[PDB]
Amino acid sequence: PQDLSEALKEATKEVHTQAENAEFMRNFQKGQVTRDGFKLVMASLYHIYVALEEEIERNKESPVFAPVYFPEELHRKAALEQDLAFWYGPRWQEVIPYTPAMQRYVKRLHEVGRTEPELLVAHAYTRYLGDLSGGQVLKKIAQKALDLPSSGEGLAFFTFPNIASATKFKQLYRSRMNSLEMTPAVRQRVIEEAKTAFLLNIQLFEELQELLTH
């Protein structure tokens, strides 16, 4: 396509279906998710957003990222901190898991942010835009399966408080992505990096499924 935002969505549709088809996500969508499983997703997201937001901050003034720098609207670390205190309790920093598949994702995020910052947008796309389109329904499934007490915490990750409308913010984000100027080579690399991002998630999903089924 012309617009990078369209080119990304089109080019990742297949891997996106793979992610939807992953065994752990299938169980999820079918409402079969356990607290143990959900804890692992929350832990994974924490390590992922820590590293991504670290690298966004390192690159916030770079011409290859600045147009999609939206820290107040999108930042997820503090929400995940809140959520992990609930899921893992007061000592969550000492007890949350940090698995090999989580590390592999984090390592690629840091590699991209430090040495290939022009691809960071692929990672921010894969995560943030995903989160905006999807939080709604998967959250509801979670609440049903998990049957939380009404303790007012645990799911802050799924609310972006600084975005009034996800639809309008997603159009704005697409617009800014489409304003990035890149050579055809960089653009091919950005697309490929998004596929890589999806694969990192899929591999993580494969690992969590393994860890939970012994």
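Numbering starts at 1 and runs along the sequence shown. Note that the rigid core is defined as the largest set of C-alphas that superpose within 1.5 Å between two forms.
Superposing on the core and measuring CA offsets in 5 other deposited structures of this protein, the stretch of 74 to 82 and 136 to 144 with the greater mean deviation is 136 to 144. Of the two stretches examined, 52 to 60 and 168 to 176, the record assigns the greater average C-alpha temperature factor to 168 to 176. Mean C-alpha B-factor is higher over 28 to 36 than over the other stretch, the pair under comparison being 28 to 36 and 42 to 50. Of the candidates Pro71, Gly135, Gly89, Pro100, the PDB record gives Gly135 the highest C-alpha temperature factor. The PDB entry assigns the greatest CA B-factor among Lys140, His123, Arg104, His110 to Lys140.
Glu94: CA B factor in the middle third of modelled residues in this chain (values from the PDB entry). When the modelled residues of the chain are ordered by C-alpha B-factor, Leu208 sits in the lowest third.
Among the modelled residues of its chain, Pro184 has a C-alpha B-factor that falls in the highest third, as given in the PDB entry. When the modelled residues of the chain are ordered by their C-alpha B factor, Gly152 lands in the middle third. Looking at the C-alpha B-factors along this chain, the one for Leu199 belongs to the middle third.
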